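Student: Handing you a structure now.
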Amino acid sequence: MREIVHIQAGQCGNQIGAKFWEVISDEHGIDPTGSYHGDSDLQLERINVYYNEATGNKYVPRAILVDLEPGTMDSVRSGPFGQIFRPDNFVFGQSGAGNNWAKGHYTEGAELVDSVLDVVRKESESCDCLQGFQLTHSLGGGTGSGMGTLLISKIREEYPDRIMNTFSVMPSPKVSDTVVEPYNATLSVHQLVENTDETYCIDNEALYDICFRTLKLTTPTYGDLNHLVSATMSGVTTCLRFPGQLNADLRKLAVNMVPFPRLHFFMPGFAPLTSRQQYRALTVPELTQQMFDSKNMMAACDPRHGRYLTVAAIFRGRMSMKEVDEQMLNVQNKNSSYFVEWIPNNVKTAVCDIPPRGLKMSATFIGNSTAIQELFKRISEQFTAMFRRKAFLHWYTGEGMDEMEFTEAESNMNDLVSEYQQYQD
Amino acid sequence: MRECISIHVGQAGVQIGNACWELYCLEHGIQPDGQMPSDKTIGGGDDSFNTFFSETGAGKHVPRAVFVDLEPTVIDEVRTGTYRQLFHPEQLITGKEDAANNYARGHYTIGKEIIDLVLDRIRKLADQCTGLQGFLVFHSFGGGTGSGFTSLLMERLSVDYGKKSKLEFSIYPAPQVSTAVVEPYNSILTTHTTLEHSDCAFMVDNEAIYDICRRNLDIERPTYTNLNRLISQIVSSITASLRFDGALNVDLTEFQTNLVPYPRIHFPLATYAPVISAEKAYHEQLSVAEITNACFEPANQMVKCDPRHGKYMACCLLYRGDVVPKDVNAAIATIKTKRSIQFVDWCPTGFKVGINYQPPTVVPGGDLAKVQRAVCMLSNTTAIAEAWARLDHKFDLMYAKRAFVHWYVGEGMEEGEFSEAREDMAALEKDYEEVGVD
Amino acid sequence: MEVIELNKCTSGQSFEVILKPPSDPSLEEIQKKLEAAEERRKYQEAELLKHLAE
Amino acid sequence: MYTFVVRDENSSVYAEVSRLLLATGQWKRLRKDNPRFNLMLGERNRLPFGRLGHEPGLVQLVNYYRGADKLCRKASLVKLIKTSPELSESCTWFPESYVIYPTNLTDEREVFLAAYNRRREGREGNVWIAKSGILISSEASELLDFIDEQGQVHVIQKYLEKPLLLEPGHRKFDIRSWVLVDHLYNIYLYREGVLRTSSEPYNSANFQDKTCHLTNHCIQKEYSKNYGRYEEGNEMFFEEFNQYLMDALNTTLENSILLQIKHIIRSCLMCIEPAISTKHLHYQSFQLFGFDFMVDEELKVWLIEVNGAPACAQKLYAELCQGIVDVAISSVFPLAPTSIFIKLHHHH
Ligand SMILES: Nc1nc2c(ncn2[C@@H]2O[C@H](COP(=O)(O)OP(=O)(O)OP(=O)(O)O)[C@@H](O)[C@H]2O)c(=O)[nH]1
Ligand SMILES: Nc1ncnc2c1ncn2[C@@H]1O[C@H](COP(=O)(O)OP(=O)(O)CP(=O)(O)O)[C@@H](O)[C@H]1O
Ligand SMILES: Nc1nc2c(ncn2[C@@H]2O[C@H](COP(=O)(O)OP(=O)(O)O)[C@@H](O)[C@H]2O)c(=O)[nH]1
Ligand SMILES: O=C(COC(F)F)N1CCCC2(CC2)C1
Ligand SMILES: [Ca+2]
Ligand SMILES: [Ca+2]
Ligand SMILES: [Ca+2]
Ligand SMILES: [Mg+2]
Ligand SMILES: [Mg+2]
Ligand SMILES: [Mg+2]
């Protein structure tokens, strides 16, 4: 009974989190009304990790929906599985955040945060042994970014010894809402560096290029991007939601993936990613070659530009586990120049007999690569291009911030990049 | 008759313990309900099996065992398993959240709060003993509980039972069946703080058990059940003398006498044979000399090393089945004339031999085939130091970068305890080279 | 090649073969170590809460 | 894609093998500390055998047999021959030898003096050579006093006083034979041997000048004045040495010398096979050996020493090195003749 409390904040946070619960709810046999209708007891074995059990055998997600405007959450409640979420778990305001980190963190957000902690405390008080929290949000907006990181800061104060995990969508000018996204992203990254144990970095540019080039989607939408994150989120959490000789709790995964407290930002990956030649059976070598290929990486970073500190791959479906080990040991022993030699056996593999819906077998990739520094390098350059001219700063100074706080975020991330550099040589 | 209290710490210890007592029951003729038809003395008796089993007035034979894990998933299997009736609920101790492979967590953070409860439950078994010999501690090197909480229990056992002996059955970390990257740290930490508290330690390297399962049992990807059913065969061979009538290794003290001439060098290598796949229609049964000859093949050693390039300090041959002393000496003679068995000049060049006529018991539905005769060789070679070398090297590669050290320091451990632990292993590796090399 | 101390019983026998002659921390000390690390945890957590309070 | 590491930058031999490996476009070299390797061209001293064969999914192969030092050491060989029943103390192809520890440190001093005094009284040639810095002398007092001056273990053995001298020149020589033992413990002998001949006339009335007595390529090239006269680099190859044996002695190199060399290589290597074999081992071993033989005026072959890290003749680096890749490395890691070796079959 190692429960996980889920929180989704903001537009991106809630639209992605919605599809996430849609995906795993299907994998566990939970219909849109919370009733179970699966056929394998493996579905219910660890069902209580993400769901509570109400009366009548009803399973209610352990999720807290947060946003500073009603719009996004209203859609979810009216969406496919909107009826499955606890009504009290909807915590929202009306002003909105205006894609302003200061509004989500200091002004609007501060007014609503105490009431979100009221629901978090209520979900925790029902847990037999809380593993920790997981947040899904974007960093370029104002609520998921500004108020999300304010939520983590306060959740880590009331639960200093619980694991704090985040799925964080990183902004990209190619997939942009506003020009202030680097400002918000740089301000959140420093918060995550301090108050998260694991952050899964998800770059919207990678999600977009995968949809255009690999999935062959002429005109990708936000929905299209959210499909990939949904599938990925289901993949990384497979070693949590199902039984296996792993016995992996959030803290155990952190202990074996994070060799240094600040370098806890991961690159996820998924395979296959087929275009509609979609029924063809994918072999184990093919799953492996793709899972480690950059075109299947969702951080928009070339691993061949850095070195892997640790790597964790999960294989789903009925397949030769022997053949699995063979191909994994072939990937490492064919490109050992990209794995650090000072962490013995830093590549681990888990297998799962239950594949995702509609796939005979897949593989989810979780890599702590020093190549992630290229991402923060992008954000830092876009941040400095505007900040040197103080462009758009008035939005933030008007909310109570000072330029000094921006300079600090600037440095605190450049330091982060520098830390990733030394461990890469 | 003197009693032996077995202690199982962590997942590896608990599951291995489950596999052994399953075997002890099949061997001693005990049913899952604790009933023993052959035991004519009901609810009492000072027989050789009573060293591991007590008896209730209702005729139940209850293991003298304690299961401890900082997380309840593994031990919940014992509570509802086949032999759930053997133990009473007091024998099974479980926690809420485990140690997350963090030695500092199982020893300090979490161990400090549960140590006094485990000792209390053990004291309940001691109070049923008329002359408690010692303890048999089963644990893993890599686990945060098995490594971190074990070393704390050992320190406290040396305090509450100063004159009692303590043997170990330790699982050496093998990448092929592990997802932990920090297992080298834990191993070197638990060996340092446990070294002066364990009188004799049998190390089993999963890498060795893994290949023995793939090679002999034709198992392409062995599970823990396979690895454990085999380890409880070796453990059975090493504990049989304490559970059966005999004269060799009749008490836990004899293990330190016959196998450990030097205190720190208390890690005998174990070799077992034959391991035959049951799926083989019918196997030609091996002779006393062939199974004894196998005891010097690196293939069936519990730790892969080259004993030829070491020096034996002691040597025990434990036979089970159709073996008479004549055959043993015949094989030994031929083996000395063909094998490279270099002893230390300050130790006799000899072999102690134990024979039990009951052949190895096989678990119905298991992997091992029923053989007419088998043997387990307990030899104390400097060659086992190869294991410490591999491990100490992996420790050095990570520690040079302080990788993962923040997790240990975060749980209250000082960074100095790392180097202090490492420096002890630098001394341990030195004691082995001084005794073997010229 | 010698055999010494041959003991026989109903369930087996044991003997020796010589091929060639030769040529703690008190209970108080542990409580301190345990509590010492507990104090270093409380100090580390204090500096965390002090950080968050700022 | 096979991978290997290099941990002996001085090995002229395997330096070539490593060069040929990369030439195949199928062998990738890794850092010397990268444990994910297939082939280890390991260091000479203190090679970490205990760390081999423990990488999941890697079949690892190394270029040194653990334990072969018993055969490639001055004192160890003497002990191995005197104690091993397969070689016995009456071995007829190894000069009488004795292990002599310096007095400032079992030891065979008295056992040596007994044979010495016997030879002195028997009017027989009593000239011995001490080594481990080499001394030749006929007075036992000088040989022992020299070892005591040193601090390391020395070995005193009979100096072949009737060595076969090549004409013209009247000059001493030795024969180097390279021998490769693969993982399956086959014994392959290189068809090309070299004679490191002395360019000075052998003089039996003066062991002080160790120039015509020590056929070492460095001594003839440093303290000899006729270096490179009769043959280039004081190195005569089997072709020439064979033609000489026929013209002068009316015999072949095969019948008069090679049969004994092939018999000495077998007896030595087979003797230690049970101690160093990697048949049922978690890793695999192979090694290149350099045997040094002496030939007397009776055409009898004697074993001087065995080199564990031998160098090759400048003219035979390409042929032998590639051959080391064919039967030693590629036999375990094949790539997607007329062998240049002579298999010495034996009972395993
Ligand atoms: N032979 C064998 N090894 C096991 C078994 N279970 C776990 N291991 C090994 O134990 C090591 C990890 O230690 P665990 O026993 O799982 O850890 P723990 O003692 O439960 O402590 P925690 O970290 O708190 O969970 C790994 O190297 C595993 O290969 C088992 O049943 N048999
Ligand atoms: N017992 C003996 N009888 C005759 N000559 C001898 C001898 N012992 C040594 N030599 C001479 O010494 C040379 C070999 O010396 P040795 O091999 O012992 O030293 P070393 O090992 O440093 C040279 P290498 O490179 O061949 O190993 C030969 O050329 C030989 O002529
Ligand atoms: N992958 C994905 N990214 C989104 C989605 N919606 C917005 N984003 C990204 O998130 C950033 C905008 O933040 P947003 O969540 O809309 O602001 P917030 O509601 O105040 O937190 C931009 O960089 C967008 O590219 C979505 O549905 N999917
Ligand atoms: O506060 C900001 C600044 O956003 C900027 F930081 F990205 N808003 C944007 C303009 C509309 C608004 C109501 C005033 C909200
Ligand atoms: Ca307001
Ligand atoms: Ca009884
Ligand atoms: Ca003690
Ligand atoms: Mg938006
Ligand atoms: Mg555990
Ligand atoms: Mg030499």
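Student: Return the only residue of B:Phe169, B:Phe141 being crowded, with 24+ Cβ neighbours inside 10 Å and touching a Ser or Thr at 6+ places or on another chain (Cβ under 9 Å).
Tutor: Just a single option satisfies the conditions, and that option is B:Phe141.
Student: Now for a separate question. Somewhere in the range A:178-199, is a residue within 16 Å of ligand 1 (Cβ to nearest atom), buried (at least 19 other Cβ atoms within 10 Å of the Cβ) and within 14 Å of chain B (Cβ to nearest Cβ)?
Tutor: No, the range A:178-199 has no match at all.
Student: If we keep just the residues of the range B:268-308 that are more than 19 Å from the chain's Cα centre (by Cα) and buried (at least 22 other Cβ atoms within 10 Å of the Cβ), which is nearest to the other protein chains (Cβ to nearest Cβ)?
Tutor: So the residue we want is B:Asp306.
Student: Let me ask something else about it. Taking the residues in the range D:75-130 that are of a type in the set (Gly, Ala, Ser) and closer than 22 Å to D:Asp296 by Cβ as candidates, determine which candidate is surrounded by the most Cβ atoms within 10 Å (Cβ to Cβ).
Tutor: Residue satisfying both the conditions and the ranking: D:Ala130.
Student: Still on this structure: Can you run down the residue pairs with Cβ atoms below 9 Å, 6 or more apart or on separate chains, where the first is in the range D:68-82 and within 14 Å of chain B (Cβ to nearest Cβ) and the partner is assigned to a loop (DSSP other than H, G, I, E, B) and more than 12 Å from ligand 2 (Cβ to nearest atom)?
Tutor: D:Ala75/D:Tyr101; D:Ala75/D:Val153; D:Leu80/D:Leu71; D:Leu80/D:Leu87
Student: Sort out for me the helices (runs of 4 or more DSSP H) sitting completely within the range A:361-425 that have 1 or more residues that are among the aromatic types (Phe, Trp, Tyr) and within 16 Å of ligand 3 (Cβ to nearest atom).
Tutor: The helices (runs of 4 or more DSSP H) meeting that bar are A:373-387, A:394-397.
Student: Quick test of your reading of the structure: C:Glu47 fulfils all but one of (1) surrounded by 12 or more Cβ atoms within 10 Å (Cβ to Cβ); (2) more than 7 Å from chain B (Cβ to nearest Cβ); (3) under 25 Å from A:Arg156 (Cα atoms). Name the failing condition by number.
Tutor: Tallying (1) surrounded by 12 or more Cβ atoms within 10 Å (Cβ to Cβ); (2) more than 7 Å from chain B (Cβ to nearest Cβ); (3) under 25 Å from A:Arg156 (Cα atoms), C:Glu47 fails exactly one: (1).
Student: If I go through the range C:23-49 residue by residue, how many of them are in contact with a helix residue (DSSP H, G or I) (Cβ under 6 Å, 6 or more places away or on another chain) and not in a loop (DSSP other than H, G, I, E, B)?
Tutor: Looking only at that region, the number is 4.
Student: While we're looking at this one, here's another question. Hey, can you tell me all the residues within the range B:123-175 that are part of a strand (DSSP E or B) and within 21 Å of B:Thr257 (Cβ to Cβ)?
Tutor: Once the filter is applied, which keeps residues that are part of a strand (DSSP E or B) and within 21 Å of B:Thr257 (Cβ to Cβ), the range B:123-175 yields B:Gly134, B:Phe135, B:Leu136, B:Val137, B:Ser165, B:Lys166, B:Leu167, B:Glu168, B:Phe169, B:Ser170.
Student: Out of C:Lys33, C:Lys8, I need the residue that is more than 7 Å from every other protein chain (Cβ to nearest Cβ), surrounded by 14 or more Cβ atoms within 10 Å (Cβ to Cβ) and not hydroxyl-bearing (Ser, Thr, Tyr). Which one?
Tutor: So the residue among C:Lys33, C:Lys8 that is more than 7 Å from every other protein chain (Cβ to nearest Cβ), surrounded by 14 or more Cβ atoms within 10 Å (Cβ to Cβ) and not hydroxyl-bearing (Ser, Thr, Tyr) is C:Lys33.
Student: Test A:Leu416 against the criterion of being surrounded by 18 or more Cβ atoms within 10 Å (Cβ to Cβ) and within 27 Å of B:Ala174 (Cβ to Cβ), and give yes or no.
Tutor: Considered against the rule, which asks whether it is surrounded by 18 or more Cβ atoms within 10 Å (Cβ to Cβ) and within 27 Å of B:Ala174 (Cβ to Cβ), A:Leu416 comes out as no.
Student: Could you please give the count of residues in the range B:333-376 that are among the aliphatic types (A, V, I, L, M), in a loop (DSSP other than H, G, I, E, B) and more than 14 Å from chain C (Cβ to nearest Cβ)?
Tutor: Within the range B:333-376, residues that are among the aliphatic types (A, V, I, L, M), in a loop (DSSP other than H, G, I, E, B) and more than 14 Å from chain C (Cβ to nearest Cβ) number 4.
Student: Output the residues belonging to the range B:220-253 that are of a type outside the set (A, V, I, L, M, F, W, C), within 11 Å of another protein chain (Cβ to nearest Cβ) and surrounded by fewer than 20 Cβ atoms within 10 Å (Cβ to Cβ).
Tutor: Correct list: B:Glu220, B:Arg221, B:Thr223, B:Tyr224, B:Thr225, B:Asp245.
Student: For the range A:316-326, does any single residue satisfy the condition of being buried (at least 19 other Cβ atoms within 10 Å of the Cβ) and either away from chain D (no Cβ under 14 Å) or within 19 Å of the chain's Cα centre (by Cα) (or both)?
Tutor: Yes, because at least one residue in the range A:316-326 is buried (at least 19 other Cβ atoms within 10 Å of the Cβ) and either away from chain D (no Cβ under 14 Å) or within 19 Å of the chain's Cα centre (by Cα) (or both).
Student: Taking the range A:390-413 only, how many residues are exposed (fewer than 12 other Cβ atoms within 10 Å of the Cβ) and either among the basic types (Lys, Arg) or touching a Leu at 6+ places or on another chain (Cβ under 6 Å) (or both)?
Tutor: 1
Student: What tally of residues in the range B:388-425 results from selecting those that are part of a helix (DSSP H, G or I) and either over 24 Å from the mean Cα position of the chain (by Cα) or facing another protein chain (nearest Cβ under 7 Å) (or both)?
Tutor: 20
Student: Just checking, does the range B:186-201 include any residue being in a loop (DSSP other than H, G, I, E, B) and within 14 Å of chain C (Cβ to nearest Cβ)?
Tutor: Taking every residue of the range B:186-201 in turn, at least one turns out to be in a loop (DSSP other than H, G, I, E, B) and within 14 Å of chain C (Cβ to nearest Cβ).
Student: Here's another thing I want to ask about it. Which of the residues spanning the range A:149-202 are assigned to a helix (DSSP H, G or I), of a type in the set (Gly, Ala, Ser) and more than 16 Å from ligand 4 (Cβ to nearest atom)?
Tutor: If the condition is that a residue be assigned to a helix (DSSP H, G or I), of a type in the set (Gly, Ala, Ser) and more than 16 Å from ligand 4 (Cβ to nearest atom), then A:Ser153 is the only one that fits.
Student: Are any residues in the range B:94-110 at the interface with another protein chain (Cβ under 8 Å from one of its Cβ atoms), among the small types (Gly, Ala, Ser) and touching a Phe, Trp or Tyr at 6+ places or on another chain (Cβ under 6 Å), and if so, which ones?
Tutor: B:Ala104
Student: Residues in the range B:17-33: is at least one within 30 Å of C:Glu45 (Cβ to Cβ), touching an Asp or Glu at 6+ places or on another chain (Cβ under 8 Å) and more than 16 Å from ligand 5 (Cβ to nearest atom)?
Tutor: Checking the range B:17-33: not a single residue is within 30 Å of C:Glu45 (Cβ to Cβ), touching an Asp or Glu at 6+ places or on another chain (Cβ under 8 Å) and more than 16 Å from ligand 5 (Cβ to nearest atom).
Student: So if I check each of A:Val91, A:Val116, A:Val76, A:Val120, which one is closer than 21 Å to A:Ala18 by Cβ, more than 14 Å from every other protein chain (Cβ to nearest Cβ) and part of a strand (DSSP E or B)?
Tutor: A:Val91 is the lone residue from the list that is closer than 21 Å to A:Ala18 by Cβ, more than 14 Å from every other protein chain (Cβ to nearest Cβ) and part of a strand (DSSP E or B).
Student: Right, something else. Test A:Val66 against the criterion of being assigned to a strand (DSSP E or B), away from ligand 1 (no atom under 16 Å from the Cβ) and surrounded by 19 or more Cβ atoms within 10 Å (Cβ to Cβ), and give yes or no.
Tutor: Taking the combined requirement at face value, the residue satisfies it.
Using ideal geometry, Cβ is built from the backbone for each residue, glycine included, and neighbour counts are taken over all protein chains shown. The numbers here are math on the coordinates, done by the rules we state, and not lab data.
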